[PDB]
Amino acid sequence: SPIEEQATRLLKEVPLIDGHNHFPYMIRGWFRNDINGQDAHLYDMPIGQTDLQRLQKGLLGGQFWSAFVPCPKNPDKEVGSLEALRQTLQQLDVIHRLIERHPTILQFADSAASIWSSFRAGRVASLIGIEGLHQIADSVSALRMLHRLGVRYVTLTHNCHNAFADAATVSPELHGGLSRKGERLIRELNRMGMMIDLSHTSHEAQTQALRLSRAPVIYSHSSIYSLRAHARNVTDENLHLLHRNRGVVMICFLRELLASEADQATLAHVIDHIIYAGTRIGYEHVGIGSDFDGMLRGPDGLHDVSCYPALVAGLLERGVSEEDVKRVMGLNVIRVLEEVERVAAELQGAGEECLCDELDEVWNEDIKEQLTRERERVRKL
């Protein structure tokens, strides 16, 4: 088929970069992160929408792999938040090991340049996102260390409220958008070069973040509110503010975000959502954010990671230009990451002060006086 040949050509010319996929959590669920001697299963998985053979088959160019851990269920909230941090390091560890053990398929990327080098080498550019500020145990130091471990976006919330911002699905609303700490965290995220992800956050929190951020943001996996009313989809107001922000909405394959009856959700509906956003805020602000493995069953025609060529072909069939399809596939999210990094370099070059954690005093006045007296003794020598 000529349109299928066109789609295959595009997938080899530009990387299709998907915004969100939970294969790392499936590995935690199925293998408990022990992948030693499990290559046969990692290539042909007995569960889920992602494995290494189907990943190749769908011609995906890059992937933000989610280092998701669930909300803390512990009644002692200090313990649950700290437990979430340990589990986050477990998920980052298995992502890095998955990449390192399959270097002919996966190559770690943390920048626009590293995405392209991976794609030139025929590798799936493998980036990392965390899904909620519950994962950092209320530590901006931990967050910066997660950045050093390769995390390049932070979803401000999952379906858990936190000290910084409001999730969408939970009511009553805690902060009513962003907290004062949330506002201050946006400055730090921009300064360090961490991409802000507004998926799973409340409509008001999105509006505030879109007005405050000095760098373009993403929705790693959400769809269009005007086509399907859901707390997780992006309103017309926030689509406009996303345009002004220069950000990208990465359209989600979750059936419940595409249709009122989930079993009616299709590939056509995903294309409807992409075209709606593209028409109204331009095709330079729309992406693809499957959320594969964040669901049991995908839409008709988008059942797993092998189905991306059908999406590319579907967009071309509906009249979306070759150049605009390339933008939706991955050039837009590359641009956002590039601009996020440029903003960070500009702020770090200007010597902007970093956000520090509030720490306990470890020394009393007696220890400090002993130390200052000792220093003066040394000065006299």
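In this text, residue numbers run from 1 along the sequence as written.
- When the mean C-alpha temperature factors of 155 to 163 and 133 to 141 are read from the deposited coordinates, 155 to 163 comes out higher.
- Two stretches are in play, 246 to 254 and 168 to 176, and the higher mean C-alpha B-factor belongs to 168 to 176.
- Per the deposited record, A350 carries the highest C-alpha B-factor of all listed residues (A350, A67, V328, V340).
- Among all modelled residues in this chain, the alpha-carbon of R97 has a temperature factor (C-alpha) in the lowest third.
- When the modelled residues of the chain are ordered by their C-alpha B factor, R54 lands in the lowest third.
- In the PDB entry, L106 places in the lowest third of its chain by CA B-factor.
- Ranked by Cα temperature factor within the chain, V217 sits in the lowest third according to the deposited record.
- Ranked by Cα temperature factor within the chain, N33 sits in the middle third according to the deposited record.
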